[PDB]
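A single chain, nothing else alongside it, follows as structure tokens in the form deposited in one PDB entry.
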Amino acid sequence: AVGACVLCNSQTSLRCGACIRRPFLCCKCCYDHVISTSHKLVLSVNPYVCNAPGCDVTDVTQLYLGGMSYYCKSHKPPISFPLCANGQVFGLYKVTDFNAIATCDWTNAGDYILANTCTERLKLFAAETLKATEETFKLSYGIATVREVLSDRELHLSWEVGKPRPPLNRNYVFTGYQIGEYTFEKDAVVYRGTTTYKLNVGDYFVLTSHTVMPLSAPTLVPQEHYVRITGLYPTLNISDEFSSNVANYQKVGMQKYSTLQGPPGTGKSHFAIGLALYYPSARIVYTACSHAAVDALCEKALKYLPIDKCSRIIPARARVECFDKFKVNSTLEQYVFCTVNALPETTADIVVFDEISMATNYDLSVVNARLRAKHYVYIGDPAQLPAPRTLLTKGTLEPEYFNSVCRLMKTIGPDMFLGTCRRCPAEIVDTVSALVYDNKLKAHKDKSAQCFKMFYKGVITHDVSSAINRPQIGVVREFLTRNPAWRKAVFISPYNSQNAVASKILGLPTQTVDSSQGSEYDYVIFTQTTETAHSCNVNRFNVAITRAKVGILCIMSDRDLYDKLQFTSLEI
């Protein structure tokens, strides 16, 4: 019960009992907190409560120290001091932002803005408070019980009355009862068990509520600039393939941490793997939030790095199928590929943290706590999608507030920028360059003359709140009859329900914009589905159209984004 203050490090015995994380607050800060919020419970060795029998006074502003005990105004002895007086709360060893983080419900974008603009210690307090709030909210959802099993991929569910039903998508992962993790997609529903189990009638599913551990490390260690490359030994015989990144690799060794903004198809994994070739004896840990981002780094390493010096770290509680070509769980290999939540406690010469737009400050702090490194390299793009904020329903979260790294890239600029898109036809590059990259992204490919747009609002139906636009799918079906090369296209939309309908009618493989991030396909067919803040988000739009290597068809609902697409318009 004795620790350091979350606002000024000052030692104290006080903790706020009303704060979900019970942070240590010194006398001067505890006061400024209790006197400005609904939080009045103060904790020490013993709580600050009226010691008089049967009395229920817990408010610190209505309590006094009567010798060594605590009493209210009704029970205090004549010789007593108020607990709250003179800008302090009585304790041993004798904030507007702290109050807002401590009392907010995390449903407003302004809550996330504050969590990223506050001091470093408050960024950790905000990250821990937010994550704990998110887990408690998982308890609010009703239990799903198997009413009947149709097949190996379809079943019927019975829901708990009086409790809301969580959204049905890949985002919401359930735990069967422990018959493995399971996901569902929309009376017949599609079930997806991580472990193959013959679904028993009567069995039930609940959201995996994990305990939020406290944070200790900053989101970003303090920056250090060096006069020479430090702790790393470069090659002189560096492959021509990687020559373009040599100055950037030297920048990496001459600073404690560095940020790399890599727009779609500009060479982020190529840069990441090339760093291993540039500092050939360096031990590098490659991390990202998702298994897919870690696997994409493994695929690039498989091509350039010796397979015997690589290891893919997989947590024993296996959720999705991941990279099989490296030795599994060998923490001491020179190259370690592992998701943030599975990171071991280790050291490295370089830590490469990829897909940085998807990280939260909680992830940034976890990395700094598990990995002690000479250099930290953050790779991603603040113009791409952030991690979903399940609690946030009011306001839009701007890229500068995704996390500390994205905030730096949007305010002072990234340390390094990969300026040439090698994936996309010039129509796509020119569109996103103007949209989100301030005209700094250059096209390498010519215009493919296979980038088309159609303005067609159609009809919007809804599967709960997830949207469907059957007429936009009908336009795609007509287009496919006329453009058979597009038979190989991936169908993309901002909605799972739109994708489920397109899958049955078109037979094309399907991705949401969010699940398509990091992937590329020759042909993409995109149906905007609706004109909402979700389907019009410029980062989501950017990711949607930069998935294409050769052609893209965009069936648009929004006039603004339609007019911005530098594509050939199709009639109807």
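We number the residues from 1 along the sequence you see.
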Check: residue 319 without coordinates in a third or more of other entries: yes
Missing residues, deposited sequence, between residue 192 and residue 193 (class: none, 1 to 3, 4 to 9, 10 or more): none
Size class of the missing deposited segment between residue 177 and residue 178: 4 to 9
Residue stretch of maximal mean CA temperature factor, 332 to 340 vs 392 to 400: 332 to 340
Which of 298 to 306 and 165 to 173 has higher mean CA B factor, as the PDB entry lists it: 165 to 173
Highest recorded Cα temperature factor - choice among 364, 429, 490, 314: 314
Options 352, 227, 275, 124 - largest CA temperature factor per the record: 227
Third of chain Cα B-factors occupied by residue 381: lowest
Modelled-residue ranking by C-alpha temperature factor, third containing residue 537: lowest
Residue 324, C-alpha B-factor rank within chain (lowest, middle or highest third): highest
Chain thirds of CA B-factor: placement of residue 417: middle
B-factor third for the C-alpha atom of residue 160 within its chain: highest
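There is another form of the same protein, the form deposited in another entry; it is not shown, and what comes next is about it.
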Rigid-body rotation between this form and the one not shown - hinge position, chosen from 379, 50, 300, 101: 101
